[PDB]
Amino acid sequence: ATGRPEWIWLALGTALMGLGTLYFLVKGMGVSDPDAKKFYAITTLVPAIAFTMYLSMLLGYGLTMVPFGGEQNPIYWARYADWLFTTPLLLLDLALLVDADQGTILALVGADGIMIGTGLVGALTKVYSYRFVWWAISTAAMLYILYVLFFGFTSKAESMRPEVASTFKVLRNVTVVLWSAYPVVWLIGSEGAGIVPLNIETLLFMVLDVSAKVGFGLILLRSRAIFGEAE
Ligand SMILES: CCCCCCCC/C=C\CCCCCCCC(=O)OC[C@H](O)CO
Ligand SMILES: CCCCCCCC/C=C\CCCCCCCC(=O)OC[C@H](O)CO
Ligand SMILES: CCCCCCCC/C=C\CCCCCCCC(=O)OC[C@H](O)CO
Ligand SMILES: CCCCCCCC/C=C\CCCCCCCC(=O)OC[C@H](O)CO
Ligand SMILES: *C\C=C(C)/C=C/C=C(C)/C=C/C1=C(C)CCCC1(C)C
């Protein structure tokens with residue numbers, strides 16, 4: 001558990017995802033409105049999955065060594081298993097808020113799976129120059145997602161209840177800003193060019209992970225948008 005200088009950030013991350021899961025679970029009790037239940041279920045699952053994968057990194061299961069640049073490099077592969085299942089759920093929270101059509105949802109979840117799966121391939125690739133080829137396909141998939149969130153969602157939200165429009169626009173903005181930092185941390189951290197050491201990279205991903213999952217949920221689940229309009 002100790003011996004790895006990043007361990008303090010993995011321990012903190014685990015604690016914050018556990019506490020976030022327990023909070024949403026308790027808040028979610030008794031909610032009867034069928035629409036709100038769907039938002040509670042999706043949004044509580046996100047930190048529950050991330051809690052289990054942070055714990056696996058803490059205990060050292062979610063780590064493997066990958067040779068490249070003539071050295072053995074520690075790669076936390078458990079990050080991608082986490083993101084494979086949590087990032088489509090976050091996009092589903094947004095798409096259900098604006099009642100997106102089924103074709104649009106499919107396009108978003110599919111592009112997201114491509115983004116995370118090519119990120120994983122790049123992380124495990126042993127030929128140094130090819131890691132950046134995968135990084136660029138993965139980043140291209142993420143630019144399609146952000147485009148849909150602005151031209152495919154923002155246009156629909158504005159034709160809906162004001163409480164829905166308002167909450168979507170805050171969540172959309174939060175999403176665009178936090179998600180776009182991820183490819184940058186990868187590129188300058190241990191998986192890429194290696195300018196930032198692993199212990200600081202782990203700190204940066206931990207602040208982004210907690211903000212984009214627990215912070216995101218705090219904003220959505222206090223809104224009136226998730227309830228049906230009723231007397
Ligand atoms: C120290 C605490 C550690 C953190 C806890 C360990 C996390 C792993 C455990 C459990 C999964 C529990 C259920 C996760 C799914 C919750 C979904 C939900 O609550 O949905 C409510 C909805 O309203 C219903 O219809
Ligand atoms: C709504 C969707 C909910 C989704 C919830 C699903 C979460 C599944 C989690 C984990 C097991 C996956 C572990 C992958 C198996 C790797 C085992 C292996 O081959 O060796 C690794 C080595 O033991 C160590 O470094
Ligand atoms: C491993 C990576 C892939 C699996 C990870 C799971 C991620 C989330 C699941 C699904 C999106 C598929 C489309 C589901 C959208 C349906 C929402 C909808 O359109 O509404 C239908 C409902 O009938 C109205 O009441
Ligand atoms: C739209 C929101 C998401 C956009 C995300 C796409 C970001 C574009 C990528 C890269 C330029 C930075 C490349 C700089 C890398 C040079 C590293 C180097 O070789 O320098 C060694 C070091 O500086 C000696 O100390
Ligand atoms: C659970 C939290 C969130 C916000 C996860 C998001 C992760 C990404 C947006 C990852 C993107 C990557 C790309 C675009 C290219 C480099 C490799 C990554 C997989 C980190």
Side-chain angles (χ1 to χ4, degrees), residues 24 28 31 33-50 52-53 77-124 133-154 156-161 163-168 170-183 186 208-209 211-217 219-221 223 225-229:
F24 293 154
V31 159
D33 180 288
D35 279 341
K37 293 202 120 212
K38 307 185 302 167
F39 287 106
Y40 268 94
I42 292 165
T43 300
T44 302
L45 271 186
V46 166
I49 289 162
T52 60
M53 294 295 97
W77 62 261
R79 298 195 187 288
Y80 308 88
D82 169 340
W83 294 339
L84 182 67
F85 301 113
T86 56
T87 54
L89 285 176
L90 290 166
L91 291 166
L92 197 59
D93 257 344
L94 286 179
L96 298 184
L97 206 55
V98 292
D99 203 41
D101 69 271
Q102 295 108 278
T104 297
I105 294 171
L106 219 170
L108 274 178
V109 173
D112 187 81
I114 295 173
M115 170 180 79
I116 302 290
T118 55
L120 173 81
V121 180
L124 301 174
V133 165
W134 294 103
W135 177 94
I137 299 172
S138 174
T139 299
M142 179 180 80
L143 294 179
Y144 173 84
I145 292 172
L146 306 189
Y147 181 82
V148 175
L149 297 193
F150 288 103
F151 327 101
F153 278 15
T154 293
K156 190 129 156 30
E158 282 169 337
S159 61
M160 265 159 107
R161 298 151 53 191
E163 65 265 31
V164 168
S166 163
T167 294
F168 172 73
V170 163
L171 291 177
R172 172 205 71 194
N173 286 352
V174 164
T175 293
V176 165
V177 178
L178 296 185
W179 285 45
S180 306
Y182 281 80
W186 195 102
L208 288 170
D209 284 347
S211 301
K213 300 182 170 54
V214 186
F216 180 94
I219 292 166
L220 177 59
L221 296 172
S223 73
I226 58 156
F227 290 87
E229 230 191 331

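Numbering of residues begins at 1 and proceeds along the displayed sequence. Side chains are part of it too, since the values below use all heavy atoms of this structure and drop only hydrogens, waters and symmetry mates.
- Residues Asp99 and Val164 fail the side-chain proximity criterion, which asks for heavy atoms closer than 4.5 Å.
- Residues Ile49 and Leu89 approach most closely at CD1-CD1, 4.1 Å, considering heavy atoms.
- The two atoms that bring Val214 and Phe24 nearest to each other are O-CZ, 3.8 Å, heavy atoms only.
- The shortest non-hydrogen separation linking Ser223 to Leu220 is OG-O, 2.6 Å.
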Show your working on side chain to side chain contact (heavy atoms under 4.5 Å, CB included) between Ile145 and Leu108 and close with a plain yes or no.
CA-CA 6 Å; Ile145 292 172; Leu108 274 178; 4.0 Å; yes
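- The two residues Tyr182 and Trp83 come nearest to each other via the heavy atoms CE2-CZ2, 3.6 Å.
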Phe216 and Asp93: CA distance, side-chain angles, deciding distance, side chain to side chain contact (heavy atoms under 4.5 Å, CB included) verdict
CA-CA 10 Å; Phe216 180 94; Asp93 257 344; 3.7 Å; yes
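- No side-chain heavy atom of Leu97 sits under 4.5 Å from any side-chain heavy atom of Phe153.
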What do the steps show when you test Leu96 against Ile42 for side chain to side chain contact (heavy atoms under 4.5 Å, CB included), and what is the final call?
CA-CA 11 Å; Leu96 298 184; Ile42 292 165; 3.7 Å; yes
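- Taking 4.5 Å as the limit, some side-chain heavy atom of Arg79 sits within range of a side-chain heavy atom of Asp209.
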Verdict with reasoning, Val109 to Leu91, per side chain to side chain contact (heavy atoms under 4.5 Å, CB included):
CA-CA 7 Å; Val109 173; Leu91 291 166; 5.5 Å; no
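- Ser138 places no side-chain N or O within 3.5 Å of a backbone atom of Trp134 that could act as its donor or acceptor partner.
- Here the side chains of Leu94 and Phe168 are in contact, with some heavy-atom distance below 4.5 Å.
- Under the 3.5 Å distance criterion, the side-chain polar atoms of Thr86 are left unmatched by any main-chain donor or acceptor of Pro47.
- Counted by atom type alone, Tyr144 and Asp112 present zero donor-acceptor pairs between their side chains at under 3.5 Å.
- Taking every heavy atom of both residues into account, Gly122 and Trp186 meet most closely at C-CZ2, 3.9 Å.
- Going from atom CG of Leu208 over to atom NZ of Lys213 covers 9.0 Å, rounded to the nearest 0.5 Å.
- Judged by distance alone, with hydrogens and angles left aside, the side-chain atoms of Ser166 form no donor-acceptor pair with the main-chain N or O of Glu163 at under 3.5 Å.
- Taking every heavy atom of both residues into account, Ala141 and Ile114 meet most closely at CB-CG2, 4.3 Å.
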